[PDB]
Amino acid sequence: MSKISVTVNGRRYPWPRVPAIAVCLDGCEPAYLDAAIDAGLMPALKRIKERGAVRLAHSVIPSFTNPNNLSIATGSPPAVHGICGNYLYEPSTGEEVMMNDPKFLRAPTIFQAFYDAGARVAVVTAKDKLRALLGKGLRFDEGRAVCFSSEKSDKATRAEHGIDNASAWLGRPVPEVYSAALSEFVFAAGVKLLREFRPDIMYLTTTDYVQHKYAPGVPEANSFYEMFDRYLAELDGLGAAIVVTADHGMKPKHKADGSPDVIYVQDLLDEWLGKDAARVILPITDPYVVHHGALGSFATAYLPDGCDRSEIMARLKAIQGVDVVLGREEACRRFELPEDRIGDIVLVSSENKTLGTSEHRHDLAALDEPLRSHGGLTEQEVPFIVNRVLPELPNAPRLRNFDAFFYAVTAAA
């Protein structure tokens, strides 16, 4: 007998004999897990690590939520699926269109590929805009797919989500968006789906609310992972093959005084090239939000015609805090990004600095806690833990977070 498989974006996925689950712990710097385990708060993960396969994997660069979640969902980098930020910039017209609608996804998900082959597939996200992206190509008329978010769980319908009101179904209220509970709801939904729906393939993804606010090992961070461990214990106990990984890590990005340490890339380009001659894009989050939430460690810039790119790149690279400056061609090759959705230059900042646009209008420092963020090479390294024996499993840099499903189904097969 030849074995059954599903081929997705040039990778062959064996059919899982038991449910195959990937859990994306948003912003989970490996240190978070080390600290919670050391505090005796994660007995299940502690045992799973001991008896399973423990690795570190490399995220996609930019180490942001959407590019990484979509890489995990498709088993491919942004050069294939097309989601390399939160919004793209039109060189002419000067228009900014969003990178949140599914029509911008250019490759099928593993979920669709398995669904189309007859599998039972489940996707639970914390935020609803990711739900729509991740759910592309799923159908809800055969009782074989479930896809909803914690955020809009009470709005779920059979015809569009595969379930009528996930809040009522789970027996928990819709959580606050800015809360640990938004992620807890995902884990609880995942367990109930495993019990009652028995998916062949399931993805659970969360938010990095807690991680942006609290460093590894502080009480509020520890309590989050303590909470997660309970659900991990239940999933593991139910017999699923599980990969626990993250979309990206998290580092402190604040000066000694606790204020954001920022390099304002637009200001610098204004002086050298003329005001608004170039356009700096910060892919971390939506461009019409200004409350310190738009600070990450990766930026791209669209330069005016007939300017010296090589000269502009050399000046930025000389700045302390700017670790990597590359042209579109080199950046797309190196980070595996699509050329048609990236600027003329790509900038990556140092470990404890971020990249902003300009100081005129600035970015409003609203929340108190010292800045923590991601996007750079220093948030690329993520945990990759499997609850099965897998001695051949590679390690970083060969192992990617978007190998999660490949190894989940392999472990399940």
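Each residue number is its position in the shown sequence, starting from 1.
- Mean CA temperature factor is higher for 361-369 when stretches 361-369 and 66-74 are set side by side in the entry.
- Of the two segments, 319-327 and 130-138, the one listed with the higher mean B-factor is 319-327 (C-alpha atoms only).
- Reading the B-factor column for the CA atoms of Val244, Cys147, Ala117, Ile263 in the entry, the top value corresponds to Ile263.
- Of the residues listed, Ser167, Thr157, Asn100, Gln211, the entry assigns the biggest Cα temperature factor to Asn100.
- The entry lists a Cα temperature factor for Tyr89 that places it in the highest third of the chain's modelled residues.
- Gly375: CA B factor lies in the middle third for its chain, per the PDB record.
- For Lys275, the recorded CA temperature factor ranks within the highest third of the chain's modelled residues.
- Among all modelled residues in its chain, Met1 ranks in the highest third by Cα B-factor.
- Split the chain's modelled residues into thirds by C-alpha temperature factor. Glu50 is in the middle one.
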